[PDB]
Amino acid sequence: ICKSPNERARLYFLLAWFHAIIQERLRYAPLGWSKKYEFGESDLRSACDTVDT
Amino acid sequence: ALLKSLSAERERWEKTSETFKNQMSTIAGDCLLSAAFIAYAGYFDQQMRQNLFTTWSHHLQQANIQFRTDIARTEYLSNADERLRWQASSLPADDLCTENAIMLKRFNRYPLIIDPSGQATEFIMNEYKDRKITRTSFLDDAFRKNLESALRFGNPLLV
Amino acid sequence: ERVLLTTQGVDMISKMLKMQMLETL
Amino acid sequence: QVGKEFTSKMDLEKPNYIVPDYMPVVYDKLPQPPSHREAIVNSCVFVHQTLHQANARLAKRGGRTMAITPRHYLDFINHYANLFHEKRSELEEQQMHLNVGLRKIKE
Amino acid sequence: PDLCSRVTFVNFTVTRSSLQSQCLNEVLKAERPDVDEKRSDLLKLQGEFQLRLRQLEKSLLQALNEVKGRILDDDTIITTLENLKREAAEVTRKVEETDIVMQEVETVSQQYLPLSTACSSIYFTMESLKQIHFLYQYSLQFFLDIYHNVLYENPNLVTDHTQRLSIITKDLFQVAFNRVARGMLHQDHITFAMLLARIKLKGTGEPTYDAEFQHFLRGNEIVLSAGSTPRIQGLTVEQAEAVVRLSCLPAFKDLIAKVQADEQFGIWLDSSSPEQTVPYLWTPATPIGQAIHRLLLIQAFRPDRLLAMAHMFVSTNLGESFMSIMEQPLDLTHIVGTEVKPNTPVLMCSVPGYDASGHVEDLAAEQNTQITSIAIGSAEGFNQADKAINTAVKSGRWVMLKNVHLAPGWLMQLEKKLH
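Residue numbers (the authors' numbering), protein chains in the order written: chain B, 4169 to 4221; chain S, 3477 to 3635; chain U, 4328 to 4350, 4379 to 4380; chain P, 3104 to 3210; chain G, 3690 to 3846, 3849 to 3895, 3897 to 3974, 3978 to 4114.
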């Protein structure tokens, strides 16, 4: 996170918040998400990798 | 002086001689209760053992068979020296463990101890140190030969 | 979250009730 | 029948006995009035029957159960015989020692 | 049954009295070493003296049995008299250590009886906990490891036994909850926490709420009045039925009168977040009793906030930060490196879609410790797993097996080999 540029910290914060929201929405199915998807750690790792790239 | 020293001994001996006639009449019921507990209540835990003993005592009272209700079912079955030897051979001091030791000593069919802590296994190995007891496993390859050796040589075997 | 919390409380009560149990057609 | 056959040799008869008014009977065709050995054999049969009942109750409750067999009844009646013989013998021995002690202290 | 018929079953299970005695002895050894060792010396002395008395009785009976002549005409009678006099002197002197044992047992009882009662209650709730989710089955060695963590690792280690006992009790409750709920689902954390709260309440100058808790656990299952419909002024039919079922409680008598007397109380009991402010009332009530009354009121009125009310009750009973470590991330490094025996495998049971192999590999990268991760499911995998386990035991590396749940018939001898 601490690697330059300085906006990477805010980008990772936004990504972590987005991941937390879409993972917490899975509890209140089928109102949150229509299907019980698996937004696991692998999606978070891929999103972090593509943001870094 | 000898009579003064033996006065208390005579006092105890007289009352025990008097109560011998009552102790003879409780033998049938007391032995029935003890045999039922030692051959039947082995598997069950403390609460179910107490329930079974209470049911048997209730039926014996309903059948008007005299039994000693103020004696421990382990004190009627164990000697003080044997209890001390058990306590020396790594046995827990609980009445349940003493009853288990009684069942292990007075067994007729060969017992199957179920101990999730190994205390029973350690107690058996420490008890049978005079005899050349051997420990093996059913999974072990050298089990049939160990059982054969135990059968021929007449030594205790723990599997 | 109302229905989920209600059924979670019901399941909690049933679980502790199961805990306290030990202590012709 | 197996209980009465196994416990026939011992001195189980009591000249004094009181027949209960409740008369708890588990064995049909029990002789009336029953004697001491008949009563205790019926009590042994009741012990087996109430262990049947307790095992069924535990299975209904939900705990794991283990089957009971007539080998257990034979083991129990053998234990009863051995314990009766041992207790009677040791009590007679202790009473003999006590009586000869009283005789010696009287002398 | 064929095997059942041929053997005599013997169970060495754990009982309340045995567990209390073992835990009391462990507490004595940890806290009062010299006192515990002199207590043990005195029990050994009492056993030896009782054996000597039994030998006296047997020897006297055997000697008087076989005198084979007049007592007054022999000197062996005089020798037995001298021995009996010496043994009478020692049984007279036995009373002193009898009194010392009495002082010892009364002191240890009045000092550490509630702690041992808490030991028994916590461990038997621990065993009975296995009836929910079939997954956790805690053994006695796990509780003994908890005690070796409590008594031998004392934070802020004091030198005052009176406050040290309270510190031990509080730390015991906290670390027992931490260690158990580290391996449960999040739904059962509140159940375990409020069971521990019940144990703490039972262990204390506080009146027991036996009827309150019985109605709390079995209020819906009890029979209620049939056809008695109260006012629907501000409560639904289910809330009215709950109020009717609650009204049989002696503390909540005029609840029907109270709900309509407090007509302005349509917000403190309905809508909003009622877990913070609770209306009505249950003499100076204890805070725990007030929490109990609020919990019953919440269960009667708004069953949705029951989880929040139970959490607040646990906070009031055991501390506000009692279960504030569960929501923290799992610090696995210290747990593995400190509180796991090398002979105990580390089980990581995971819900579908969320694995822990990344966690273990991150641990390996952090601690710079080599791991052979072997995927279970083939005969070659089984052979590689056995070879890696043997090499790891010989050398000291970590061995990891993945998707372990695909071979219970192999897990049986894996557990046996590990033991």
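Even for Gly, the Cβ is constructed at its ideal location relative to N, Cα and C.
With contacts defined by Cβ atoms closer than 8 Å, residue 3871 of chain G and residue 3839 of chain G do not form a contacting pair. Positions of the alpha helix (DSSP H) runs, each at least 4 residues long and wholly inside the stretch 3520-3547 of chain S, are given as 3522-3538 in order along the chain. Assigned with DSSP and collapsed to three states, residue 3838 of chain G falls in helix. Across the set G:3980, G:3894, G:3811 and G:4093, the C-alpha of G:3894 shows the shortest separation from the C-alpha of residue 3802 of chain G.
With three or more CB-CB distances shorter than 8 Å, the stretch 3961-3969 of chain G counts as touching the stretch 3998-4011 of chain G.
Contact between the stretch 3578-3589 of chain S and the stretch 3616-3631 of chain S is absent, with fewer than three C-beta pairs closer than 8 Å. Chain G has no Cβ within less than 8 Å of the Cβ of residue 4380 of chain U. Against residue 3700 of chain G, chain P offers no close residue; the least beta-carbon distance is about 10 Å (beta-carbon pairs closer than 9 Å). As the crow flies, the alpha-carbon of residue 3706 of chain G is around 20 Å from that of residue 3528 of chain S.
Within 10 angstroms of the beta-carbon of residue 4337 of chain U lie fewer than 16 other beta-carbons, which makes it exposed. Within chain P, the residues 3179, 3182, 3183 and 3186 have their CB atoms less than 7 Å from the CB of residue 3511 of chain S, given in chain order. Chain G places no beta carbon closer than 8 Å to that of residue 4192 of chain B, leaving this residue out of the contacts. Sorting G:3982, G:3951 and G:3987 by C-alpha distance to the C-alpha of residue 3972 of chain G places G:3951 at the top. No Cβ of chain G is located within less than 8 Å of the beta carbon of residue 3148 of chain P. By a beta-carbon distance limit of 8 Å, residue 3919 of chain G does not contact residue 3958 of chain G. Their separation comes to about 26 Å. For residue 4093 of chain G, the uninterrupted beta strand (DSSP E) segment begins and ends at 4093-4097.
Distances from the alpha-carbon of residue 3149 of chain P to those of S:3549, S:3533 and S:3497 put S:3533 closest. Each residue's CA atom was taken as its position, placing residue 3779 of chain G and residue 3487 of chain S some 20 Å apart.
Proximity of chain S to residue 3820 of chain G at the Cβ level (cut-off 7 Å) is not reached, the minimal Cβ distance being about 16 Å.
Looking from the CA of residue 3509 of chain S, the closest CA among S:3565, S:3549, S:3618 and S:3599 belongs to S:3549.
A contact between stretches requires three or more CB pairs, one per stretch, nearer than 8 Å, and the stretch 3829-3845 of chain G fails this requirement with the stretch 3768-3785 of chain G.
Put simply, the stretch 3165-3173 of chain P touches the stretch 3693-3700 of chain G. At least three CB pairs are less than 8 Å apart.
Straight-line spacing of the CA atoms in residue 4030 of chain G and residue 3860 of chain G works out to 21 Å. By the criterion of at least three beta-carbon pairs nearer than 8 Å, the stretch 3593-3609 of chain S is in contact with the stretch 3556-3569 of chain S. For the pair residue 4348 of chain U and residue 3882 of chain G, the CB atoms are not nearer than the 8 Å cut-off. Non-local C-beta neighbours of residue 4216 of chain B in its own chain, meaning closer than 6 Å and more than five positions away in sequence, are absent. Here residue 3699 of chain G is bridged, per DSSP, to S:3589.
For residue 3772 of chain G, the nearest beta carbon of chain P is not closer than 8 Å to its own beta carbon. Judged by beta-carbon spacing, residue 3489 of chain S lies within the 8 Å limit of residue 3204 of chain P, meaning their Cβ atoms are closer than that value.
Between the stretch 3719-3730 of chain G and the stretch 4178-4186 of chain B, the count of C-beta pairs closer than 8 Å stays below three; the two stretches do not touch. Residue 3750 of chain G reaches chain P at 3200 and 3204, counting residues in chain order whose Cβ is nearer than 7 Å. Collapsing the DSSP output to three states places residue 3133 of chain P in coil. DSSP assignment within the stretch 3748-3833 of chain G yields the following whole alpha helix (DSSP H) runs of 4 residues or more, N-terminal first: 3765-3817. Distance from the Cα of residue 3142 of chain P is smallest, within the candidate group S:3594, S:3540 and S:3575, for S:3540.
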